[PDB]
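One letter stands for each residue in the lines below.
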There are 2 protein chains.
Amino acid sequence: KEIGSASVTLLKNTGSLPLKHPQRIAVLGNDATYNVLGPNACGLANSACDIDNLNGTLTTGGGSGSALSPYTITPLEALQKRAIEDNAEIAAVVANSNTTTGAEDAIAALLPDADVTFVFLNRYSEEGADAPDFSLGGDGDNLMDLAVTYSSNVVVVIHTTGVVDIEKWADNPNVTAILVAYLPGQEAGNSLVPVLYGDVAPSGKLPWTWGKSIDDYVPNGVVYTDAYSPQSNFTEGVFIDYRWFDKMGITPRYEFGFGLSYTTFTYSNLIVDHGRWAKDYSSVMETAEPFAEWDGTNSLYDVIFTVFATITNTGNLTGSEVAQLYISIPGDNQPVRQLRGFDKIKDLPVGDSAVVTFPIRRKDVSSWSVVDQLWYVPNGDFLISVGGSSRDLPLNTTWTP
Amino acid sequence: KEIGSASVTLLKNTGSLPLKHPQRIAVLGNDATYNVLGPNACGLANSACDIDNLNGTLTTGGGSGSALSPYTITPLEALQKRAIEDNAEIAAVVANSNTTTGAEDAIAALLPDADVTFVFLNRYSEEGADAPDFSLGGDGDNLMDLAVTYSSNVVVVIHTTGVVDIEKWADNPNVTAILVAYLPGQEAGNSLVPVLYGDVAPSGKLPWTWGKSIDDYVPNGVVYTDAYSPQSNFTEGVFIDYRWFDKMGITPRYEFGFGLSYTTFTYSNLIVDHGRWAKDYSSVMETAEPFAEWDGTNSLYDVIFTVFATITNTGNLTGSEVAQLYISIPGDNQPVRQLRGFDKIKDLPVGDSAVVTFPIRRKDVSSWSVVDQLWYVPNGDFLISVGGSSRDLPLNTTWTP
Ligand SMILES: CC(=O)O[C@@]12CO[C@@H]1C[C@H](O)[C@@]1(C)C(=O)[C@H](O)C3=C(C)[C@@H](OC(=O)[C@H](O)[C@@H](NC(=O)c4ccccc4)c4ccccc4)C[C@@](O)([C@@H](OC(=O)c4ccccc4)[C@H]21)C3(C)C
Ligand SMILES: CC(=O)O[C@@]12CO[C@@H]1C[C@H](O)[C@@]1(C)C(=O)[C@H](O)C3=C(C)[C@@H](OC(=O)[C@H](O)[C@@H](NC(=O)c4ccccc4)c4ccccc4)C[C@@](O)([C@@H](OC(=O)c4ccccc4)[C@H]21)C3(C)C
Ligand SMILES: *[C@@H]1O[C@H](CO)[C@@H](O[C@@H]2O[C@H](CO)[C@@H](O[C@H]3O[C@H](CO)[C@@H](O)[C@H](O)[C@@H]3O)[C@H](O)[C@H]2NC(C)=O)[C@H](O)[C@H]1NC(C)=O
Ligand SMILES: *[C@@H]1O[C@H](CO)[C@@H](O[C@@H]2O[C@H](CO)[C@@H](O)[C@H](O)[C@H]2NC(C)=O)[C@H](O)[C@H]1NC(C)=O
Ligand SMILES: CC(=O)N[C@@H]1[C@@H](O)[C@H](O)[C@@H](CO)O[C@H]1O
Ligand SMILES: *[C@@H]1O[C@H](CO)[C@@H](O)[C@H](O)[C@H]1NC(C)=O
Ligand SMILES: *[C@@H]1O[C@H](CO)[C@@H](O)[C@H](O)[C@H]1NC(C)=O
Ligand SMILES: *[C@@H]1O[C@H](CO)[C@@H](O)[C@H](O)[C@H]1NC(C)=O
Ligand SMILES: *[C@@H]1O[C@H](CO)[C@@H](O)[C@H](O)[C@H]1NC(C)=O
Ligand SMILES: OC[C@H]1O[C@H](O)[C@@H](O)[C@@H](O)[C@@H]1O
């Protein structure tokens, strides 16, 4: 559960979250409730259910990295627990909205009087095939169209195996909040509702880039060919995800390492401490990785320096903050920046400050010599940037060894 | 909730209830979960959903006498809460088992390993039409065929507006328990699960007769005609329900006033006390029903005697018991017996005894005189009978005024 509550990521919030004590709650989407055939209906690999089946809350993906469930704690059941505590009413349409007789009529009638409308969306994928685009699973496009027609307070919650296309509605003023919650396992619903009701502020951030379009990603991501010897050439090199997005100058929807809270954090007092170094003595096994500065005592993974910064909860509510550190290694055709540290502060009171610390190892500031076939620390001007996301970096400094 | 717990009526138990702490639980039937269109989707009179809609748990009937619901505490959600406390697993097939791709296979894969299989059945009906027969609503017949195919520990729970036909399954030894929970309103699951698990023994009993066949009841119960002036001739007279079965020598599957407990009760010490009479002063308003014994100072509703009996809990668990009193009023063309009292003893411990008391009013022992146009107490022998149902009557005596 605590994993779910720490992961769930807030992408948009025009004022609707956290919920106070809404009296009339509307829920949309089979994602909000059980698989109609049972949590384990899809079998040993969570891939045997029909393509149109209502599989319910998307708690894991398809294939060999799935597992059986003792139960699922559905969002609806958890939302209901909370409604009942508030002496409120709650109603869910969980059928296929396109194919079920009266579904659309029901939604039209249910939503206008709701204080808030949740829409649960999912996007299953699996081992054995690739997603054909950023397409919402089942009836999700429809759900969303209906929802914004009849309600001005839609809160979208996505259970997905990756980025999905929400371009149609993400800038609709009627969509007041959007959250992704990934694949939260069995404690799906009870990990989420605390966040929505504001018992714990959301603290999770995107572990990849949310581009406005599949066309903004590394070309030829999937090659389709009947050719007896199929060929993908990684001609983009090191430039995947936000590295690609950064180098090409492409603004995504939501950047790598982005995710809102219910409060704001102000960054301050950047500090690089050259005296804060230490030898790697802890790791279980060692590589035979070659590097310039090697002298028979030392390591690629020695922490050469350490960098510090200060966050201040400048908001109105307690909240956790994932601080990120990026470095610009100099060189030719070198990423605009690369993440070389993160430190999550837990539950920072309003007005309070905490120090963020980042141990930079040697390898963290090195390049591969193609010619000499070793790791070496380049010369040049290293940019160090610290902040909230891969594009929210209010503190830079420069280092030159 | 409490009305639900006090009402649910146990019709069969081969040994499977109460549940201890089963580790693997299977659930069958859309009646186990929510209306897929929302609890109030059927609208202002619970009647506007499509004839095949999966309306979920039948918490009330259709028509002017229905009402909106602020939520539904589904059987599935209530059973799951117990599952979780027992560190167990629970899975529900709640689709239409005859029309949903995969449903039947999923049922076949799930049941054989389950420690217990619950099937939730329903039978909607509404103002404006009569049931065409006793058949189960939706896919209930199919669920019951499937269940007894793949599981030897099937427990059946019926949400219904009246008697249904379960003659195919009720004497199948794979059906280990059968309960009817009628129409429990918004607290459907949390009322039922305490009874199954044995936090409270079941104490409800049937408020009508449950015949093997619709053919066993009063003939011409629903007249179907296009005649301009349709006629229903009540030639049966007072002989409806158990009066019909009793007089005509027909054996029901479960008689009027039948319901099992998790313990047994022995009856003793029938006492008819002619000294224990009382004048009627408690009515809010009075009738002007003529009666023969009227002396200006008395009333058809005076209690004229009181009968007592004793019940003892002769089993091994605490139970509540509804004790019933019937009187054979003598005369031409008279019901074999007529209910004239009931008394529910609450939570009688093992070994303990309690006294059951039954005030008998003058009207309770009277007949109407067509010739004289007044009520009178006939001459002859009155048989007074006491017991646990209309056919389980261990105690009797004759009163001859
Ligand atoms: C083919 C394959 O990927 O097999 C394995 C078995 O170990 C492999 C690794 C894989 O992790 C594993 C266990 C999985 O967990 C997958 O999620 C998984 C799959 C990806 C899936 O794979 C497929 O559907 C195959 O492409 C499919 N193959 C073909 O039909 C095929 C024919 C000609 C050319 C190429 C392919 C297949 C389907 C059903 C039974 C056997 C093979 C089979 C498989 O049943 C599962 O496979 C079997 O259970 C199985 C395979 C062969 C014989 C008997 C059983 C699958 C599941 C569980 C559904
Ligand atoms: C016919 C009837 O019972 O009407 C009422 C309106 O007050 C009546 C009392 C009744 O208890 C009440 C409120 C109900 O709650 C019923 O559950 C109820 C019904 C039984 C239902 O009525 C029927 O099914 C009638 O048999 C049905 N009969 C006919 O269509 C019919 C027409 C001409 C000649 C012969 C028969 C009907 C349907 C729809 C509108 C009017 C009549 C209408 C009705 O909308 C509901 O009716 C209306 O809402 C309504 C009726 C007439 C005009 C406008 C609205 C119904 C509901 C709520 C669905
Ligand atoms: C509910 O879960 C189902 C898995 O148990 C899922 O079905 C599977 O969906 C994928 C698409 O994500 C299908 O993928 C394949 O589609 C055709 C196969 O002929 C190929 O062109 C593709 O390359 C791809 O491999 C699976 O076929 C499908 N599995 C089955 C057995 O039908 C449902 O889609 C899920 N429901 C929803 C609404 O998301
Ligand atoms: C679900 O509820 C609906 C009513 O809201 C039921 O459909 C009615 O069923 C009766 C028969 O009992 C028909 O006379 C009506 O025409 C039906 N209503 C409409 C508008 O179609 C439906 O049968 C219930 N579901 C199940 C499976 O019993
Ligand atoms: C001849 C006649 O009036 N009989 C009607 C019948 O036509 C109608 O289908 C049914 C339900 O509407 O109600 C019956 O009373
Ligand atoms: C927003 O919702 C309202 C109903 O509350 C609807 O009238 C309006 O068309 C919607 N607008 C957009 C931009 O979807
Ligand atoms: C991609 O691979 C094909 C297959 O050998 C090759 O002909 C083509 O020139 C390659 N292009 C690159 C590496 O950019
Ligand atoms: C009862 O269940 C078993 C499987 O558990 C099945 O093989 C058997 O045929 C069933 N018997 C009846 C009478 O349905
Ligand atoms: C119903 O009763 C009337 C009056 O006795 C009678 O004329 C009519 O035939 C009866 N209908 C029957 C016999 O079902
Ligand atoms: O119209 C079909 C059906 O309607 C009502 O249920 C009655 O009037 C039936 O006798 C008739 O069969």
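As drawn, each chain counts its residues from 1 in written sequence order, possibly unlike the entry's numbers, and residues without coordinates are not displayed. Labels follow written order: the first chain is A, the first ligand is 1, and so on. Shown here is not the whole assembly but part of a larger one, and the values apply to the part shown. No hydrogens and no water enter the side-chain calculation; it runs on all heavy atoms of the structure.

Structure determination for the deposited model, as stated in its record, used X-ray crystallography, and the stated resolution is 2.07 Å.

(A) Highlighting the overall build of chain A. Helix and strand content of chain A: six helices and 15 strands. By principal-axis analysis of the C-alpha atoms, chain A measures approximately 75 × 65 × 40 Å. Contacts are assigned to residue pairs that have any heavy atoms within 4.5 Å of one another. In chain A, the share of contacts with a sequence separation of at least 24, taken over all contacts with a separation of at least 6, comes to 74%. As presented, chain A carries roughly 18,600 Å² of accessible surface, and 51% of it is formed by carbon and sulfur atoms. Numbering of helices and strands starts at the N terminus; helices are DSSP runs of H or I of at least 4 residues and strands are runs of E of at least 2. Values of accessible area rely on a 1.4 Å probe in the Shrake-Rupley scheme; residue burial ignores everything except the protein chains shown.

(B) Structural view of the sheet that holds strand β6 (residues 175-182) of chain B. Residues and elements named next belong to chain B. Between any two strands, pairing holds if DSSP finds at least two bridges. Taken together, the six strands give an open sheet; going across it, the order is β1-β6-β5-β4-β2-β3, and neighbouring strands pair in mixed fashion. The open sheet has two edge strands, β1 (9-13) and β3 (89-93), and neither has a second partner. The sheet shows a mean angle of 15° between the axes of neighbouring strands, direction not considered. Pairing of β1 with β6 involves four bridges; the strand directions are antiparallel. Across the sheet, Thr 9 pairs through a bridge with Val 180, a residue of β6. Axis angles are defined between N-to-C directions and span 0 to 180 degrees, where every axis is a line fitted to C-alpha atoms and, for a helix, only to the segment in contact. Taken strand by strand, helix α2 (residues 75-85) contacts β2 (24-28), β3, β4 (116-123) and β5 (154-160), and its axis lies near 165° from that of β3.

(C) Layout of the sheet that holds strand β8 (residues 303-313) of chain A. All names here are of chain A. Reading across the sheet, the three strands line up as β7-β8-β11 and stay open at both edges, with antiparallel pairing between neighbours. At either end of the open sheet lies a strand with only one pairing partner, and these are β7 (265-273) and β11 (353-361). Each neighbouring strand pair of the sheet contributes to a mean axis angle of 20°, computed without reference to strand direction.

(D) Spatial organisation of the relation of the copies chain A and chain B. Superposing the copies is done by minimising, in the least-squares sense, the deviation of their C-alpha atoms. With an axial shift of 0.0 Å and an RMSD of 0.2 Å, the rotation relating chain A to chain B amounts to 180°. In short, the pair behaves as if placed about a two-fold rotation axis. Taking C-alpha positions as reference, the residue of chain A nearest the rotation axis is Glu77(A), located at 3.6 Å. Mapped onto chain B, 100% of the interface residues of chain A are again interface residues, and the two copies thus contact each other with one and the same surface.

(E) Seen up close, helix α5 (residues 188-196) of chain B. Residues and elements named next belong to chain B. Whether a residue is buried, partly exposed or exposed follows from its accessible area with a 1.4 Å probe, protein chains only, as a fraction of its type maximum: under 20%, in between, or over 50%, in that order. Within α5, nine of the nine residues are buried, which leaves it mostly tucked inside the rest of the structure. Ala 188, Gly 189, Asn 190, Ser 191, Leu 192, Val 193, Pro 194, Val 195 and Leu 196 are the residues of α5 that are buried. For α5, the elements touching its buried residues are α1 (2-7), α2, β4, β5 and β6. With its phi angle positive at about 90°, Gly 198 sits one or two positions after the end of α5.

(F) Region of the structure containing the interface of chain A and chain B. Tallying the contact residues gives 28 residues for chain A and 28 residues for chain B. Taken over both partners, the interface formed by chain A and chain B buries close to 2,100 Å², and the fraction arising from carbon and sulfur atoms is 61%. Salt bridges are defined as contacts in which a side-chain nitrogen from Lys or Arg sits within 4 Å of a carboxyl oxygen from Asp or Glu. Here chain A is connected to chain B by zero salt bridges. At the level of elements, α2 (75-85), β3 (89-93) and α3 (103-110) of chain A are the ones that each hand at least two residues to the side of chain A that touches chain B. Top element by residues in the side of chain A that touches chain B is β3(A). It accounts for five residues. Under the scheme applied here, ten amino acids are nonpolar (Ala, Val, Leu, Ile, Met, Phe, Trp, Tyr, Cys and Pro), four are charged (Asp, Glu, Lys and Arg), and all others, including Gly, are polar. Here the residues of the side of chain A that touches chain B sort into 18 nonpolar, seven polar and three charged. Computed with a 1.4 Å rolling probe, the buried area is the accessible surface lost when two parts are put together, summed over both parts.

(G) Geometry of the pairing of strand β11 (residues 353-361) of chain B. Residues and elements named next belong to chain B. Of the two faces of β11, only one is covered, namely that formed by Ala 354, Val 356, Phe 358 and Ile 360; the face formed by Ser 353, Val 355, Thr 357, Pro 359 and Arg 361 stays uncovered. Bridge analysis of strand β8 (residues 303-313) against β11 gives nine bridges, and the strand direction is antiparallel. Bridging from a neighbouring strand, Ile 311 pairs with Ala 354 of β11.

(H) Geometry of the packing of aromatic side chains. Pairing of aromatic side chains requires ring centres within 6.5 Å, counting the rings of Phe and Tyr and the six-membered ring of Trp. Pairs whose planes differ by under 30 degrees are stacked, by over 60 edge-to-face, and all others tilted. Here the structure, examined in full by the defined rule, presents 25 aromatic pairs over all chains. Judged by centre distance (4.7 Å) and plane angle (55°), the ring pair of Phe305(A) and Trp399(A) falls under tilted. Of this pair, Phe305(A) sits in strand β8 while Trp399(A) sits in strand β15 (residues 395-399), placing them 94 residues apart in sequence. When the ring of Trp208(B) is compared with that of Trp210(B), the centres are 6.0 Å apart and the planes differ by 55°; the resulting orientation is tilted. By relative accessible area, which is 0% here, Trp210(B) ends up buried. Through a chain of ring-to-ring contacts, three or more aromatic side chains come together here, namely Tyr182(A), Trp208(A), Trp210(A), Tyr254(A) and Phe258(A). Geometrically, a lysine NZ or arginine CZ counts as sitting over a ring once it is within 6 Å of the ring centre and also within 35 degrees of the ring normal. One cation-aromatic arrangement involves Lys247(A) over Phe239(A); the distance from NZ or CZ to the ring centre is 4.3 Å.

(I) Region of the structure containing the side chain of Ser390(B). Residues and elements named next belong to chain B. The topology assignment puts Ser 390 in the loop between β14 (382-387) and β15 (395-399). A polar contact is formed between the side chain of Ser 390 and the backbone oxygen of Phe 256, at a distance of 2.9 Å. Not counting the four nearest positions on each side in its chain, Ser 390 is found in contact with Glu 255, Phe 256, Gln 324, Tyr 326 and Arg 337. Under this definition, polar contacts are N or O atom pairs within 3.5 Å; protein pairs additionally need one hydrogen-donor-capable and one acceptor-capable atom, and for neighbouring residues in sequence, both atoms have to be side-chain atoms.

(J) Focus on the packing of helix α3 (residues 103-110) of chain B against helix α4 (residues 140-150) of chain B. Residues and elements named next belong to chain B. Close contact between α3 and α4 brings their axes to 9 Å; oriented N to C, the two are set at 30°. One finds that α3 runs roughly parallel with respect to α4. Regarding α3 and α4, the two cross each other, and that crossing is right-handed. Residue-level contacts link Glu 104, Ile 107 and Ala 108 of α3 to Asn 142, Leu 143, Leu 146 and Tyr 150 of α4. Angles are sorted into four bins: roughly parallel if under 35 degrees, roughly antiparallel if over 145, roughly perpendicular if 65 to 115, and oblique for all others. Each crossing gets its hand from how the near helix is turned against the far one by less than a right angle, where anticlockwise is left-handed and clockwise is right-handed.

(K) Representation of unusual backbone geometry within the structure. Geometrically, the link from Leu17(A) to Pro18(A) is a cis peptide bond, its omega value of 0° lying close to zero. Note on placement: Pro18(A) falls in the loop between β1 (9-13) and β2 (24-28).

(L) Structural view of the state of the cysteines. All names here are of chain A. Pairs of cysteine sulfur atoms within 2.5 Å are what we label disulfides. The tally for this structure, following the rule as stated, stands at two disulfides over all chains. The disulfide partner of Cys 42 is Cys 49, and the gap between their sulfur atoms is 2.1 Å. On the sign convention where negative means left-handed, the S-S torsion of about -100° between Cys 42 and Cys 49 marks this disulfide as left-handed. Take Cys 42: its relative accessible area is 6%, and that puts it in the buried class.

(M) Quick peek at the packing of α2(A) against helix α5 (residues 188-197) of chain A. Residues and elements named next belong to chain A. At their nearest, the axes of α2 and α5 sit 8 Å apart, and the two run at 45° to each other. Put simply, α2 runs oblique to α5. Here α2 runs over α5; the crossing is right-handed. Facing α2, whose interface residues are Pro 75, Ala 78, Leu 79 and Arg 82, α5 presents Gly 189, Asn 190, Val 193, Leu 196 and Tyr 197. Split by residue class, the contact of α2 with α5 holds six nonpolar, two polar and one charged.

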